[PDB]
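Report on one structure; see the data block that follows.
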Amino acid sequence: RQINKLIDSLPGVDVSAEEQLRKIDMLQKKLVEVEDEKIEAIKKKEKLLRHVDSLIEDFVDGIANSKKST
Amino acid sequence: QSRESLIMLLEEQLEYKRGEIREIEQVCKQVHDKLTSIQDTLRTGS
Amino acid sequence: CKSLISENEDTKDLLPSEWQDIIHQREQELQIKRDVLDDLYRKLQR
């Protein structure tokens with residue numbers, strides 16, 4: 001009975017390999033778009049990151065020249 | 001069975017990269033939420 | 001009287017523009033803090 005329950009549980013056991021071929025092809029496609037989307041995601045995250053860095057630098061300069069203003 | 005091995009490797013790296021991606025937006029969103037909370041806190045202290 | 005004056009430095013210090021100078025430095029640091037916090041509020045809202 002483990003033989004029976006393993007032989008029938010093979011995904012693709014009752015699925016013809018050619019629709020696996022299309023599903024795999026479209027999987028690499030949507031993969032291409034998902035790393036693309038990650039490219040825009042990371043570039044705008046870095047953009048906001050160095051906006052934050054610029055405001056950090058401006059605030060630090062303000063602190064420095066304020067506490068040395070007296 | 002070579003195609004099946006290709007499939008299984010396919011889903012394992014796909015789910016791994018989805019996990020990495022999702023933790024990336026989770027962490028950046030939590031950092032942004034912390035920044036907004038700090039901004040509100042400093043505005044209240046003004 | 002003179003003994004009590006002698007042991008306490010604080011009273012002898014108590015015993016006039018410096019206060020105005022301290023007020024000016026406090027208000028200028030307060031206003032620069034307000035300005036930088038306004039800048040942070042404006043920048044972070046994007």
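Just so we're on the same page: first chain in the structure tokens is A, next is B, and so on; residues restart at 1 for each chain, and ligands are numbered from 1 in the order they show up.
All of the residues in chain B within 8 Å of chain C are residues 35, 36, 39, 42, 43 and 46 of chain B, where only C-alpha atoms were counted.
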Selection to disk with N, CA and C atoms, as a PDB file, in the first residue's frame:
```pdb
ATOM      1  N   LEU B  35      10.116  55.178  10.633  1.00  0.00           N
ATOM      2  CA  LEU B  35      10.441  56.559  10.285  1.00  0.00           C
ATOM      3  C   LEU B  35       9.224  57.464  10.413  1.00  0.00           C
ATOM      4  N   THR B  36       8.062  56.997   9.946  1.00  0.00           N
ATOM      5  CA  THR B  36       6.846  57.798  10.061  1.00  0.00           C
ATOM      6  C   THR B  36       6.453  58.000  11.521  1.00  0.00           C
ATOM      7  N   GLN B  39       8.696  60.590  12.890  1.00  0.00           N
ATOM      8  CA  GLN B  39       8.297  61.902  12.393  1.00  0.00           C
ATOM      9  C   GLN B  39       7.104  62.440  13.171  1.00  0.00           C
ATOM     10  N   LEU B  42       8.360  63.508  16.702  1.00  0.00           N
ATOM     11  CA  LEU B  42       9.067  64.783  16.718  1.00  0.00           C
ATOM     12  C   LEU B  42       8.132  65.944  16.396  1.00  0.00           C
ATOM     13  N   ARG B  43       7.101  65.708  15.583  1.00  0.00           N
ATOM     14  CA  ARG B  43       6.116  66.755  15.331  1.00  0.00           C
ATOM     15  C   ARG B  43       5.294  67.049  16.581  1.00  0.00           C
ATOM     16  N   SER B  46       7.203  69.350  18.914  1.00  0.00           N
ATOM     17  CA  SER B  46       7.438  70.709  18.434  1.00  0.00           C
ATOM     18  C   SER B  46       6.592  71.718  19.196  1.00  0.00           C
TER      19      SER B  46
END
```
Discussion item. Tell me as number ranges by chain which residues belonging to chain A come within 9 Å of chain B, counting only C-alpha atoms.
Written reply: A: 11-12, 17, 20-21, 24, 27, 31, 38, 41, 45
Resulting file, chosen residues, N, CA, C and O atoms, as a compact mmCIF listing (two decimals), in the first residue's frame:
```txt
# COMPACT_ATOMS: atom_id res chain seq x y z
N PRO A 11 3.87 15.52 -8.64
CA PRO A 11 3.04 16.03 -9.74
C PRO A 11 3.41 15.44 -11.09
O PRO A 11 4.50 14.89 -11.25
N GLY A 12 2.50 15.54 -12.06
CA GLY A 12 2.75 15.05 -13.40
C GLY A 12 2.58 13.57 -13.60
O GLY A 12 2.90 13.06 -14.68
N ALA A 17 3.38 15.64 -20.44
CA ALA A 17 4.58 16.45 -20.24
C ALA A 17 4.59 17.74 -21.06
O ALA A 17 5.33 18.66 -20.72
N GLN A 20 3.25 20.53 -19.09
CA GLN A 20 4.40 20.92 -18.28
C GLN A 20 5.36 21.80 -19.07
O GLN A 20 5.95 22.74 -18.51
N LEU A 21 5.55 21.52 -20.36
CA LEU A 21 6.47 22.34 -21.15
C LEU A 21 5.99 23.78 -21.24
O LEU A 21 6.75 24.72 -20.96
N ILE A 24 6.21 25.46 -17.71
CA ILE A 24 7.59 25.80 -17.38
C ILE A 24 8.04 27.01 -18.17
O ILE A 24 8.71 27.91 -17.64
N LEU A 27 6.56 29.94 -16.76
CA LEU A 27 7.17 30.17 -15.46
C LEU A 27 8.45 30.97 -15.60
O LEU A 27 8.68 31.93 -14.85
N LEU A 31 8.98 34.71 -14.33
CA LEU A 31 10.21 34.92 -13.57
C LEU A 31 10.98 36.12 -14.10
O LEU A 31 11.45 36.96 -13.33
N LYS A 38 11.68 43.36 -9.29
CA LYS A 38 12.62 43.51 -8.19
C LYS A 38 13.70 44.54 -8.51
O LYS A 38 14.18 45.24 -7.61
N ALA A 41 12.08 47.77 -7.86
CA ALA A 41 11.85 47.86 -6.42
C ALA A 41 13.12 48.25 -5.69
O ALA A 41 13.13 49.18 -4.87
N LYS A 45 14.01 51.73 -3.79
CA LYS A 45 14.37 51.63 -2.38
C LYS A 45 15.70 52.32 -2.11
O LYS A 45 15.86 53.02 -1.12
```
Discussion item. For a quick test of understanding: name the residues of chain C lying within 8 Å of chain A when counting only C-alpha atoms, and present them as a PyMOL selection string.
Written reply: chain C and resi 25+29+32+36+40+43-44
